[PDB]
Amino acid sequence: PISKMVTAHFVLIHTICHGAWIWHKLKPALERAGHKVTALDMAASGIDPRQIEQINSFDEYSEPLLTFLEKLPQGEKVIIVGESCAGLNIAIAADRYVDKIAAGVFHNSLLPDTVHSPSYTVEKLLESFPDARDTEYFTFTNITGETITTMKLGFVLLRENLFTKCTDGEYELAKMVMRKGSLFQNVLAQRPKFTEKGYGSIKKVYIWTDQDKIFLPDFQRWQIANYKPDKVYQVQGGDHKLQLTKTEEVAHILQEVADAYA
C-alpha cells in the first residue's frame, strides 16, 4: 500500500575462538545492498593482540563492541548480529547502550534472557551438546582467583559440527585463523542478570537452521520457547555457519530486519 526499504548499519559479532573474518562473505553481500557494516574482533579473537589469559569475563571480552558503541554518533543506531555465543555480547551491550541498538539478531545463537542467570543458556547448551569431540581445554586463574576454562576447538568438531557444509577453502581458513576462547561460564554465573530496560527491551530476531550440527534443533527450539523472539526466521539447509553456507539468504533476511526496525 506503502512499501518501505531501509539501509542500515549492522555490527557483526563473531563467536568465541573465531574473529571478524567469519563475516568475510556476508559483509560484502550486505554492502552490495547499500548497508554500512562493521565486523569487530572481540578481545583475544581474530587478530586482536590480547591473549585470552589476560581477559577476565565475557564483559571484558566484549570491550571492542562496547567501545565501538560508546563512539557511535548521537542519533545513530545499529542492528547487532551475533552468531553462536555472541548473543551474550548483544545482551552485555544492550544493558549498556539500549538506545543505540535498533534490534539484536541472534544467528544460530545463544538467546540470553533476563529471568535467569546470564550463564543459563550456556548450561542448557552444554547439556544439549556435552561432547566437544577433539576440543582441548585449559585453565588459567583470573584477576580475582576464578579458574577460567579455555578451549582450542578440535578440527573434527570444526569440520563436522560447526563447518559441516562449508567449502574446503572456508574450512581450511577457519583452521588457519582460529584462536582459543572461553565461555567464562562461572563468572557469568556470578553475574547480575541482564536488565529488562536494557536488554529486555530491544527487538530480537532469531535466525536458525535445523541442520545446525552443534546448536542442535531441540536446543534452539528450547531457546525460542524459553524467551520468545520478536521474529523467527528458519533457513532451510546450510549448516551452523549460515553466513558462509546461506550468505545471500541471510542478507535478505537482514534486509527485512532493517526495514522493520532500523
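Sequential numbering from 1, following the sequence displayed.
If you average the C-alpha B-factors over 91-99 and over 77-85, the higher value belongs to 91-99. Stretches compared: 203-211, 42-50. Higher mean C-alpha B-factor in the entry: 203-211. Ranking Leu126, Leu153, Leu173, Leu162 by Cα temperature factor from the entry places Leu126 first. For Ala33, the recorded CA temperature factor ranks within the highest third of the chain's modelled residues. Per the deposited record, the Cα B-factor of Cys166 falls in the middle third when ranked against the other modelled residues of its chain.
Annotation for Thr67: C-alpha temperature factor in the middle third relative to the rest of the modelled chain, per the entry. Per-chain ranking of the deposited C-alpha B factor places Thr149 in the middle third. The entry lists a Cα temperature factor for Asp59 that places it in the lowest third of the chain's modelled residues.
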